[PDB]
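Heads up, the chain below is alone and in the form deposited in one PDB entry; it's given as structure tokens.
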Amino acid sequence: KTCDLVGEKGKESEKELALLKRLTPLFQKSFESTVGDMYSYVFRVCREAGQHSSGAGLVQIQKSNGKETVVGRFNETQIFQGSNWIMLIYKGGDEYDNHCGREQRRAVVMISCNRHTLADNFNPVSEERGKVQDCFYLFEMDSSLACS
């Protein structure tokens, strides 16, 4: 299984399919947040990032008790690009219980161009959980694949 885009299989956006193809070299990799807090984050491109076979593309692990929360699933992927960046979004994460109208969590990853690395510097920016809807966890990473 890989990233699933909106639309029927084989009928998805050619623009999105092309971007997934471009990021293929990153599928085998795993990315983890730094700083050594309370939560750690693990992110993968179109592959299982969690340890519970939940279909997670990005997970949040609470350090004190090992709780793994799915932030976004790769079976609900959106991907687009600009001049020197690529935005990847995984929807369908575990539902909130007291924020955001109890909607499913979502992960938004901004990949910026960096000619010096295939991929690195992955880290969370912030979590927007103060809205009535359309909340999300925001992350950033660098990759030469985002360059033009």
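Residues that one form lacks are left out of the comparison. Between two forms, the rigid core is the largest collection of C-alphas that superpose within 1.5 Å. So that there is no doubt, residue numbering starts at 1 and follows the sequence shown.
Count the deposited residues lacking coordinates between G36 and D37 and you get 1 to 3 of them. When the two stretches 16-24 and 131-139 are set side by side, the higher mean Cα temperature factor goes to 16-24. The PDB entry reports B-factors from which the mean C-alpha value can be compared for 88-96 and 115-123; the larger average falls on 115-123. Note on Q51, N65, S83, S40: the highest value goes to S83, judged by CA B factor as recorded. Annotation for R105: C-alpha temperature factor in the lowest third relative to the rest of the modelled chain, per the entry.
Not pictured, yet referred to below: the form deposited in another entry.
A18 shows a C-alpha shift below 2 Å between this form and the one not shown [criterion: core-superposed Cα displacement of 2 Å]. Superposition on the rigid core between this form and the one not shown places the CA atom of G101 2 Å or more away from its counterpart. The Cα position of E140 differs by less than 2 Å between this form and the one not shown after fitting on the rigid core.
Relative to this form, the distance between the C-alpha atoms of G130 and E68 is reduced by at least 3 angstroms in the other entry.
In the other entry, the Cα-Cα separation between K131 and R105 grows by 3 Å or more relative to the displayed conformation. Core-superposed comparison between this form and the one not shown: residues with C-alpha shifts of 2 Å or more form runs of three or more at 34-36, 99-101, 127-136.
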